[PDB]
Each structure stands twice: as structure tokens, then as C-alpha cells.
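Student: Quick one: this structure, given as C-alpha cells, is what I'll be asking you about.
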Amino acid sequence: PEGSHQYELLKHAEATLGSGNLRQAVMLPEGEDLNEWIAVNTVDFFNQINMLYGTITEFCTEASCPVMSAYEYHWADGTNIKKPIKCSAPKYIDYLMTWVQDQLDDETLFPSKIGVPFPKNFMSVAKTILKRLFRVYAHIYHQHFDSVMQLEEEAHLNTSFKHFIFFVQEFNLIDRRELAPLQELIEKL
Ligand SMILES: [Zn+2]
């Protein structure tokens with residue numbers, strides 16, 4: 001969001017949330033690009049998750065999270081580690097969050113300059129990003145839930161999560177197989 005027309009699309013997605021009808025405020029506004037919309041909300045979801053998890057970092061440590069889990073996850077990003085290897089959740093989130101940032105920082109995928117079409121493979125990249133972000137949601141719901149309830153960050157995470165699930169559901173960016181944890185939750189909302 002160079003502060004340009006995406007910034008508006010961002011302030012779009014944010015402001016329209018006040019309706020309280022999430023199944024609507026997440027749809028493509030009339031005559032807007034799908035890839036652009038997905039890109040903008042993908043970024044805001046990245047920032048929201050990064051900040052939210054940032055609150056509980058002290059409660060998520062190498063001791064507190066021997067593994068990323070509820071369901072276990074091992075970081076094989078891609079190119080850099082082809083063989084999935086287990087590690088601590090703090091290491092895992094650090095790993096993936098940097099990876100998601102690099103996705104957002106690569107103009108082949110997320111261009112700043114307008115008029116440049118998104119890559120043809122895009123929305124495979126976006127779908128991947130959002131599944132990995134959902135895992136961060138999952139860690140925070142399963143193990144540190146009270147660590148928030150006690151903290152001041154509580155209804156923020158459920159609001160952002162409800163936004164997340166409603167959005168990805170509208171656009172089919174996350175497989176139901178990946179929503180297996182919290183499945184009890186995508187049902188409530
Ligand atoms: Zn943890």
C-alpha cells in the first residue's frame with residue numbers, strides 16, 4: 001500500500017468493517033481487481049497477525065513450545081529448506097513471518113508500480129500465504145488462549161480472525177483440510 005490507491009482499498013476494507021456484516025464487507029467492491037483486493041487484505045492480515053502474536057511472544061518461548069502444534073507443523077518453505085524439519089513455534093513463526101514478508105517484498109508477486117499485472121501464478125502464492133498465517137492463528141487459539149484473555153488483547157484476535165475466515169471463505173483461499181483445527185470455531189461464527 002504505497003499510500004496510493006491500494007491505501008484506499010485498505011481503508012476500504014478497514015472502514016467497511018464497522019457494518020458488522022463481515023460476509024459482505026469482504027467481497028470485491030464493484031469494478032475492482034480480484035488480485036489487487038486479495039493482495040491488500042493479505043497484507044493487512046499479515047500485519048494484524050504479526051502484531052497480535054507480538055503481544056504473546058513472552059508466553060510463546062522455546063520452552064513453552066517445543067514444537068509448532070495444537071496437528072504438527074514443520075518448516076519446509078520451499079527453495080531454502082526442501083525437507084520439512086521440526087522446530088520451536090517461536091522459531092517457526094519467525095521463519096514463516098520473514099517468508100511472508102519476502103513474498104510481500106518481491107515485485108514479481110506484489111508490485112508497487114501500478115499497471116503491472118500480478119503474476120499468472122499469483123493466488124497460488126496468496127493462498128499459500130494465508131494458510132501459513134492461519135497456522136499462527138491456530139497456535140494462538142490452542143495453547144495461549146488464556147494468555148490473551150488475561151492480557152488486554154482478546155476481542156481483537158476474535159474480530160481479526162472472524163474477518164480472516166470470512167474473507168478466505170468468500171474467495172476459497174484456504175482448504176477445509178487446513179481449517180481442521182478451529183473447525184469448531186469456523187462453525188460458531
Ligand atoms: Zn506458544
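In the C-alpha cells, chains take the letters A, B, ... in the order shown, each chain's residues start at 1, and ligands count up from 1 in the order shown.
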Show me which residues line ligand 1, defined as having an atom within 7 Å of a ligand atom where only C-alpha atoms and all ligand atoms count, and present them as number ranges by chain.
Tutor: A: 59-61, 64-65, 89, 139-140, 143-144
Student: Considering only C-alpha atoms, return as a PyMOL selection string whatever protein or nucleic-acid residues lie within 12 Å of region 40-43 of chain A, sequence-local ones (same chain, fewer than 3 positions apart) excluded.
Tutor: chain A and resi 1-14+25-28+32-37+46-50+97+100-105+110-112+123+125-134+160+163-168+171+173
Student: Per DSSP on the backbone, filter region 1-175 of chain A down to the residues in strand (DSSP E or B) and report them as a PyMOL selection string.
Tutor: chain A and resi 68-69+72-73+75+85
Student: Which distance in Å separates CA of residue 62 (chain A) and CA of residue 88 (chain A), to one decimal?
Tutor: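 Computing the Euclidean distance for CA of residue 62 (chain A) and CA of residue 88 (chain A) yields 5.6 Å.
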Student: Work out how far CA of residue 22 (chain A) is from CA of residue 187 (chain A), in Å to one decimal.
Tutor: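 About the pair CA of residue 187 (chain A) and CA of residue 22 (chain A): they are 14.7 Å apart.
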Student: For the atom pair CA of residue 96 (chain A) and CA of residue 57 (chain A), what is the interatomic distance in Å to one decimal place?
Tutor: 15.0 Å
Student: If you run DSSP over the backbone, which residues in region 40-129 of chain A end up alpha helix (DSSP H)? Put them as a ChimeraX atom specification.
Tutor: /A:40-56,89-104,124-129
Student: Compare A:51, A:182, A:15, A:85 by their minimum atom-to-atom distance to residue 138 (chain A), counting only C-alpha atoms, and give me the closest one.
Tutor: A:182
Student: Using only C-alpha atoms, pick whichever of A:99, A:178, A:157, A:69 has the shortest atom-to-atom distance to residue 86 (chain A).
Tutor: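 Smallest separation from residue 86 (chain A) among the options: A:69.
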